[PDB]
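Going by the order they are written in, the chains are A, B, C, D, E, F, G and H; count residues from 1 in each one.
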Amino acid sequence: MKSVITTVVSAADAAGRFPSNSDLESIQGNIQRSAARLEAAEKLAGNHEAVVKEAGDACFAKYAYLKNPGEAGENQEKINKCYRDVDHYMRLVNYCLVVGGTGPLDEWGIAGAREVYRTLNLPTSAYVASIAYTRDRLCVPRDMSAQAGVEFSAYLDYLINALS
Amino acid sequence: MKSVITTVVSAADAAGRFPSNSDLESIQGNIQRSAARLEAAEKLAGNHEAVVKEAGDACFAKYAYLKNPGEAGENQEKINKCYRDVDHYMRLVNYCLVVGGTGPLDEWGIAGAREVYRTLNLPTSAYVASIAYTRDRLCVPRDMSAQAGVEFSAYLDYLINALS
Amino acid sequence: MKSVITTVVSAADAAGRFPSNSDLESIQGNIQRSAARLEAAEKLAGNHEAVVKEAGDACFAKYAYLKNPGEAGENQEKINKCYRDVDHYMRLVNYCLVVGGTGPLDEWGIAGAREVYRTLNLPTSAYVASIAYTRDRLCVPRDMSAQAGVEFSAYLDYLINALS
Amino acid sequence: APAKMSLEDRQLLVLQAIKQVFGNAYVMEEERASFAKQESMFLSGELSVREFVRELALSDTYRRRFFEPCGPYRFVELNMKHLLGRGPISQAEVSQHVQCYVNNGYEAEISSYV
Amino acid sequence: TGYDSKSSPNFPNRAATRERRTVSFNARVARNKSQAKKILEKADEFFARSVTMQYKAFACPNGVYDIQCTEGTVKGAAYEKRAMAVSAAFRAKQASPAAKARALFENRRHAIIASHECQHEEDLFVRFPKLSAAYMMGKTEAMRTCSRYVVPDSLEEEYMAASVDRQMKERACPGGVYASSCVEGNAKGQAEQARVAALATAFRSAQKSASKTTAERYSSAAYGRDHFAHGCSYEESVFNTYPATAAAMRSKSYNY
Amino acid sequence: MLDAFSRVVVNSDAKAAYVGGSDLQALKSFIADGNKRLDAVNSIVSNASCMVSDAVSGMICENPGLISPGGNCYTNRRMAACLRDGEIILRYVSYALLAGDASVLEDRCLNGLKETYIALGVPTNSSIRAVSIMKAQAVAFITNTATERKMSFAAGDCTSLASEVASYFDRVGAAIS
Amino acid sequence: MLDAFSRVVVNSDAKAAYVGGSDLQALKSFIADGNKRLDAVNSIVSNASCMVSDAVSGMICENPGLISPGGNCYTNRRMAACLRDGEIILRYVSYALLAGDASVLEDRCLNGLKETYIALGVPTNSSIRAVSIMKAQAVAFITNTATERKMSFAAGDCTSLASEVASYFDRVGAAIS
Amino acid sequence: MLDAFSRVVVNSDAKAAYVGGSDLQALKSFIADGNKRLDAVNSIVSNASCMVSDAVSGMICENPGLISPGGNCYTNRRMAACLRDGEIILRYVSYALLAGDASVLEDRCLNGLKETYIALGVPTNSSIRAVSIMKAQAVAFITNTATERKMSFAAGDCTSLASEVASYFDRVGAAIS
């Protein structure tokens, strides 16, 4: 994967040179800003089945076009296919929020995503209108902290522009 | 070409990716330790020739056979050259602690060391005897501050380990 | 650009060889089924402008929700940004139903179409439905015969599965 | 005389600039053969038609014709008739072309005009 | 005097043409087509660079480095690799005028094999000398159809990886002479390095992953069937059962 | 490429001194404002689909000419690679924002970009209007005047740092013309 | 230069063979429509102030991005050279349509004209919309099948002179791009 | 790659397990003692040339049969290649000093060497003993019992980090035998 830590050691095994003060900053660096970031990682999974249902509902007003006969989200049992998928993409980021990496964002989520989503016709902006609900319904006075809850929205964009 | 700033953004050209938030925490952790590397910078530049005169005549006695006629340092012109060629050892780490990584040292002083010390017949024992004198003749709380004793000391024996 | 001639003389040129009777026998099949394939070029010079109101308005009854401000067809002027792109696909298959093969289609027609549309929020599920009215409307006595009935319609089906 | 040289109509392009630069004088074929490097160096493409005109003027026959009998006002008007195709303007542009000869030589005098 | 120095009378100074015989063109045509020579040589050193640095993004498809980029393993020999890396260009510069002519068009042989699928690909490829002299290199350093990333599994295959490499020692010599391409050292600045650099990355040939080195036996196999074995089905029946014959034997334009 | 720590090494190597205390007052100004140097970059790359889209869809309303043939954007490949050409217009500047100089910009791509633009026939009236329409939207995500996008950051001012990217894309505008 | 009778004597000078009764039949059939050659040449220069001027009133009419600011046909310094550019291209084709050989058109006009548009930034898709007009009207002039101008000539076929002037338009076409 | 930062992540990925306060103490056990992690590794890479330099002359003063004619250290390649095989395996342990997992060292070097150490006769008894000459001093540098090079550290304890390094000399010592 791709983290704070293994981007530093990716240079030395290539070039063959041994770790001097090149490899002496970054691992010291995430002691200095992670206290709101480990605060943020439990903050998803403290109310996560509420925020599964808080995000994934509102796009069915803007995209109600599966309920007609002749689409993918046709009957009631596609809702069981729907909100199971809401349990999964936010799991990729709070796993990263203890580290500060973009690794399982790319190791698990979005690698090969444009191939499958035109094969099975996954509607792209129908996802993002439910997904950007969490981008906008946020009060960094009250809900989260503004030190690294903005880093959570500096990583929820990496869902959004790579799903677009 | 190898600093804290150009860690990932030279390899992000080999990634097809932007500076993401794996790439931006890692520089802020240098800034809390950037209040100890300028406290060694002009501290070295304020004692720049009194650390020449300490390290200089220490190494001429450790290998006394170079003052013989018909050796390398036979005359008087080449023995201020050996003051001149240990000058840039303690002048390139005066560049290198500013940039945080190993930038000015790995390209300008050390890159191909023994290939021009063997056909020139410069034995590097008489190089590093000047260094290993003042590698450990540097007290921590009285020459400078307390973190500055090992802010200096990452390249203090790595300069011998680049010749090793 | 990709037909019977523009792939069989590259195979003689990669093997460094003259035309023998291998590629002589395999190219004379171009002309007898061209006599009915060009009757679709003789068909819709006179209904290039009225079939786009029966089939380019056939992607709009199910997708009538997309005239909100913020969608693709947000204005009548953004149905005007549909009205040059939706009939290009029939015009780009009009360019290659001249040639027999599909060589003008896989240079500028589909060849890099969906690399823009997820960023300009354009779903191609309603792109297939525009020429899915042409998936049923071709007469077997009247328009052309059923010898070229699938030769009209597999080129319509060529522009389906390249969008998938 | 135009641009875009062939090899057939170099024979037009050369002697419609021999006749300009020598001032419609008679250049015999023994004097034509003294140009046999620089006339050859034009029909390569080493020399363009702006710089062949300098190379015709930097000959021995141009030095024999318009420098060895000709005094200092007769020198600077036969440069100007042949290299620029005009007469002098005032007194300031003759003495500025006098001291291009005296202080810094004759081959910089002719090539001041080109 | 009252001395003065203005600007130059010959400031372009003929910095555009020193072949000193044209085909008797003009003065205006000879200036701007020499201005096209200082432009259309300087996009040959762009378009081969600007997709091979995109082909260096296949070396990090996630973004971090695997052991594709084993550069110099022992610490001091990273700047020792750069001596014959820049002599790889210098010895390619001093190749013969009989060899420099065929380096153009036998780089153009497989250039239209890789660009038959799009007409926007082939027009750039037949308009540049040094594009497909690096593109054939730049495509095989990514999906690994050299021998640099492939190991012999069979000793059968190690008898056939060692069967055509001496045919790549055949065409690096026209007689008893040796060429400038199959060399091994330049100034005895090494001791044993071209065998040291081989078996350091021949260690890397069998330990990246398993799935790194199994679809490359379905990448390189149909590669040589498309490129070389399309005209002889005896030649692809040594290719499919043994993929240590299709990632080995090369094009003739760049040598050995 | 380099960094702006080593750009002062370019300001010191030809004189060859021991680097003192008085001449890092703009280099300890780099660590004083280095949070603010990095507090600008996240509203660029969060808006990675916003910044590219109005660069091309701003061109079509203000210049409807090139869409019709005989024009520099006609195909879909002329939409899929023209938006991709502005991808690395932004990306090769996106390393230089945190750095502080021209260490990564002109040595790696803009050593002659106009000698690449001539051989395919790239219209430089479109190129100047590319890099000016995104530099005008770059600092508008910094000065908090976007027509939708409103952040929640710390207080202060980056009118000192507004001439960082303004001095970047005018050099990107220099090499394309 | 060369013409259609100068071509055959240098075709046969490589053989060093006398031109006798073999290839004189192609040139004794030159003069049978030798009047029809000249009767088509004055059809070009009759309406030539209209011929260069619907090449700018139709080309900009379906591509108005060339007169955009910064464009290739923007300013009126360029437009006076652009009508100067199109009228010599019509001039050298009529020199080669008359003499029946292309070797006054390629060697005196066209060698270097590839890099007139390389060295200036003049495009290629613009100039083929300004020369596919002229390949269409000059074969519609010489039939007198046009709409407005009606040359009342003698009746009879002239389509050998249609493909004769058509060979120059890809000879000017493959050279410029 | 994966760190110890990600080895605790893929010990929860199978059972759909969201992380809580007792799951981020698998990595806040790291970082608040991670100032010692910066204080541990940088002094065994400083003295890193004399690790193998005592592990060769000390190897033959404890076993003088390795330099025998036919031995694996007699030829002058086979001592100049012998310190290549052990200097970077300190760095492979030093890659696990920074990380905390040992799944990179068996998967960048040790996946295929013990079956090639038989394929040219590299011995298996002093495989783990050639680890076991610098195995004293590298644990004794991070815990500061060293006599010739005693350090000036921020004092305290690394004994839980000394069983971290005692796990990884054998983890590169397992896959060589």
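Rule of thumb we're sticking to: a residue touches a chain if its C-beta (ideal position, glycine included) is under 8 Å from a C-beta of that chain, and two chains touch if they have at least 3 such contacts.
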Practice problem: Show which chains lie in contact with subunit A and also with subunit H. | Solution: B, E
Exercise. Determine how many degrees of rotation, between 0 and 180 and to the nearest 5, align the Cα atoms of subunit F with the equivalent atoms in subunit G.
Key: 175
Self-check item: Whole-Å gap between the CA centroids of subunit E and subunit H
Solution: 39
Quiz item: Cα centroid separation between subunit B and subunit G, in whole Å?
Solution: 73
Quiz prompt | subunit C and subunit D: spacing of chain centres that average the CA atoms, whole Å | solution = 69
Quiz item: With chain centres defined as C-alpha means, what is the inter-centre distance between subunit B and subunit F in Å?
Solution: 35
Quiz item: By residue number and range, which residues of subunit E touch two or more other chains?
Solution: 25-26, 28-29, 39-40, 62-65, 67, 73-74, 120
Quiz item: Counting only residues that touch at least 2 other chains, which ones in subunit D make the list?
Solution: 4, 6
Quiz item: Out of subunit C, which residues touch more than one other chain, so two or more?
Solution: 107, 111, 119
Exercise. Please name which positions on subunit H make contact with subunit A in the complex.
Key: 1-3, 5-6, 9, 12-13, 16, 18-21, 24, 27-28, 31-32, 34-35, 37-38, 41-42, 45, 48, 88, 91, 94-95, 98-99, 108
Quiz item: Mind pulling up the subunit A residues that touch subunit H in the complex?
Solution: 1, 3, 5-6, 8-10, 12-13, 16, 18-21, 23-24, 27-28, 30-31, 34, 38, 41-42, 44-46, 48, 87, 91, 94-95, 98-99, 101, 103-104
Self-check item: Complex interface listing, subunit A residues touching subunit E
Solution: 1-2, 6-7, 10-11, 13-18, 103, 106-107, 111
Exercise. Within their complex, state which residues of subunit F touch subunit A.
Key: 42, 45-49, 152
Quiz item: Which bits of subunit G are touching subunit E when the two form their complex?
Solution: 111-112, 115-116, 118-119
